[PDB]
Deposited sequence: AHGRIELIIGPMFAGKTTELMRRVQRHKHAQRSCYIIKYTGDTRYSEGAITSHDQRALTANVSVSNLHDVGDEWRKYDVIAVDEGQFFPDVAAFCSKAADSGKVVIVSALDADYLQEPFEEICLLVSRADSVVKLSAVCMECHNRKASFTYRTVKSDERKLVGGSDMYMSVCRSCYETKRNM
């Protein structure tokens, strides 16, 4: 019946591209896919609690959740949908800019049938796989929406070096 697939890794690793790659595969076989985006055959939605999707997700074979770390109830949602027979596919950061985990994505790891962690390329040294996201601006808000001028994906030693 149902399942949970989780795609994790730092920023700039292509997690969302991989999520969509997987959604597209299902669409070619005539499966209905519902894509849930965050904001503070097919159907799309931008939302801020998974509670706000209501029961719309039940009309679909495949449910995809992007930026899963922004949703506070994501693990319970995914479990409920997978228990109802859906293929659920989630892309999320596993770690925040302090290399500390998103507790809800932890729960997903433990509930997932598959977990892939993608890597990026180090934006500091340009020579190594990157597994970490470095926040290049001062802020102690955990959630801070932004791109390459506020964050960069780095290798282990560039992360240490830049922590000075």
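- Unmodelled regions of the deposited chain sequence (numbering from residue 1, in sequence order): 1, 42-57, 182.
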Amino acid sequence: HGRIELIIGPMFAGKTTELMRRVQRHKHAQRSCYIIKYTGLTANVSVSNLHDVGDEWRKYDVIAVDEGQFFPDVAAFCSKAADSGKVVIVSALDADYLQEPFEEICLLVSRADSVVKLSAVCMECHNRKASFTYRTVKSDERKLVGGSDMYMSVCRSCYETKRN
From here on, numbers count along this sequence of modelled residues.
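- Where the other entries of this protein model the residues before and after it, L41 is dropped from at least a third of them.
- Taking the mean C-alpha B-factor of each stretch as recorded, 62-70 and 48-56 are not equal, and the higher mean is that of 48-56.
- Comparing the deposited coordinates for 7-15 and 140-148, the stretch with the larger average C-alpha B-factor is 140-148.
- Considering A112, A43, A120, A95 together, the PDB entry gives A43 the largest C-alpha B factor.
- Looking at the C-alpha B-factors along this chain, the one for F102 belongs to the lowest third.
- Residue-level temperature factors show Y34 in the middle third of its chain, judged at the C-alpha atom.
- Among all modelled residues in its chain, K129 ranks in the lowest third by Cα B-factor.
- In the deposited entry, the Cα temperature factor of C78 sits in the middle third of values across the chain's modelled residues.
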